[PDB]
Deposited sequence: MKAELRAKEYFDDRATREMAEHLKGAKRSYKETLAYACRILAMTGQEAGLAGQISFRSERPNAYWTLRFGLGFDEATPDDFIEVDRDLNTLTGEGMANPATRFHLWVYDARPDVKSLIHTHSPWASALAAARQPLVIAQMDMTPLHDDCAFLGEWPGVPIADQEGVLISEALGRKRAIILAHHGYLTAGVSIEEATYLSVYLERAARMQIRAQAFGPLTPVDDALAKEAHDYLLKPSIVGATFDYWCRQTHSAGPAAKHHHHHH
């Protein structure tokens, strides 16, 4: 499977799991060329993405292979800060945006939430509509070494070492948000023990489990 069809599959999986709110959905894949990234072109939604819809652009959004969503220009900043990351996803999914609107960080209280235990930062500042510089610097510093970040009053972003892991973390974060919001009906949520959480975090992020789960999602589109 080439990276262009893996990118298109990830977009279908994101829409299949209900992670699209207009054209806010963004996905990128680190290009072999420095200061460049592969992303979805402007005006296209997640579930209508084909391999021929992802284009390579540079730091100035010059489509150097194959017009990209200009709100993805900040992706190069976090790519710069994290060489281990090859793919990024940022959407305004319903449950994750509700958590972000209430300024609520994730509370790891169930097994499927552990992939984000000690791996989901929280950026309390909502900068409005900043330039790619301010937005890119703000998220990079707040993301740190973590695999995901909840952006208050905004949504989330996932930083995966592959398109598969970024999609994996993206689907699990949104369902983690739904789970946390529903469990809130019984009052404040008690988190699980950190030692077991990290243990479950490591088991659920295994490349064999991540790869097989992604393949399962592909066959569903």
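- Residues 1-27, 94-95, 251-264 of the deposited sequence have no C-alpha coordinates in the structure.
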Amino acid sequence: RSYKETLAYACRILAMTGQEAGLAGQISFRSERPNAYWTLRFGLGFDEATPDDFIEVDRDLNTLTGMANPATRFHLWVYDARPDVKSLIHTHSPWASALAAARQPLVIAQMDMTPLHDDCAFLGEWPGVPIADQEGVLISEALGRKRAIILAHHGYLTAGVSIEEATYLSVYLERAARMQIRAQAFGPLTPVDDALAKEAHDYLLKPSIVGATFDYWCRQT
From here on, numbers count along this sequence of modelled residues.
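- Judged by mean Cα B factor in the deposited record, 23-31 ranks above the other of 175-183 and 23-31.
- For the pair 95-103 and 67-75, the mean Cα B-factor is higher in 67-75.
- Highest CA B-factor among the listed residues (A36, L169, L157, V192): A36.
- Placement of the Cα temperature factor of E135 within the chain: highest third of the modelled residues, per the deposited record.
- Compared with the other modelled residues of the chain, the Cα B-factor recorded for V57 ranks in the highest third.
- In this PDB entry, the Cα temperature factor of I89 sits in the bottom third of its chain's modelled residues, the lowest group.
- Split the chain's modelled residues into thirds by C-alpha temperature factor. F214 is in the lowest one.
- When the modelled residues of the chain are ordered by their C-alpha B factor, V129 lands in the highest third.
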